[PDB]
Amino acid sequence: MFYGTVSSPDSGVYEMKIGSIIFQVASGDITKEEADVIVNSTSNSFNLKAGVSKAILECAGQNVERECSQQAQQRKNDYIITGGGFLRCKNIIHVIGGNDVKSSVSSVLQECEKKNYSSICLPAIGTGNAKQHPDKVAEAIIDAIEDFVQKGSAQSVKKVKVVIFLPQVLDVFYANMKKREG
């Protein structure tokens, strides 16, 4: 009921429509991306600096690092929202890599609608040190978007890009997209 056709606008990039949203997966370094929100995949303390969280915090800068620690105090947070620092985004949403990926992506999508944001970039949450299986992660990310669209919640959000660090993970996402295509 929602899926378009998988196509490729550049080598190593694949996209398909999911309702009104363009869902893209691409190879690369997320810190090179521009989007309204960039998603960080971190630990329960929000001060992880290994893997994608290291790339993100080192590029975002020390003010963002301070923001994370401060917010982590305030509450028993499931995710936190900070400024983008020196990343090319309006906000970073920091989710926990070990947490349910579908829930995490749903939260991200909701927060983006709240801010009338149109673009999101995220990594393959949980597929590194968290050791969540890439196919389960892919399934969860795409499921979250499909559910969002089904519920009629997608109004401002128009583009969701997963930036993926290795071929092995890219191929899994592509397979999961291809399985769903109309």
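Quick note: we count residues from 1 along the sequence shown, nothing fancier. Take the two forms, superpose them, and find the largest set of C-alpha atoms that agree within 1.5 Å; that set is the rigid core.
Asker: Kindly name the stretch, out of 122-130 and 37-45, whose CA atoms are displaced more from this form in 9 other deposited structures of this protein after the core superposition?
Answerer: Per-stretch check in 9 other deposited structures of this protein: the more divergent one is 122-130.
Asker: Core fit done; bigger CA RMS in 9 other deposited structures of this protein for 10-18 or for 156-164?
Answerer: It is 10-18 whose C-alphas lie farther from the shown form in 9 other deposited structures of this protein.
Asker: Going by the B-factors listed in the PDB entry, is the mean over the C-alpha atoms higher for 16-24 or for 162-170?
Answerer: Comparing averages over the C-alpha atoms only gives 162-170.
Asker: Higher mean Cα B-factor in the deposited model: 59-67 or 140-148?
Answerer: According to the PDB entry, the answer is 59-67.
Asker: If you check the C-alpha B-factor for each of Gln132, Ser153, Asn116, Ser119 in the entry, which is highest?
Answerer: Answer for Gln132, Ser153, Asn116, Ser119: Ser153, with the highest C-alpha B-factor.
Asker: Quick one: which of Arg75, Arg88, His94, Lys102 shows the highest Cα temperature factor in the PDB entry?
Answerer: Of the candidates given, the C-alpha B-factor peaks at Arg75.
Asker: Just say lowest, middle or highest third for the CA B-factor of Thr42 relative to the other modelled residues in its chain.
Answerer: For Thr42, the deposited C-alpha B-factor lands in the middle third.
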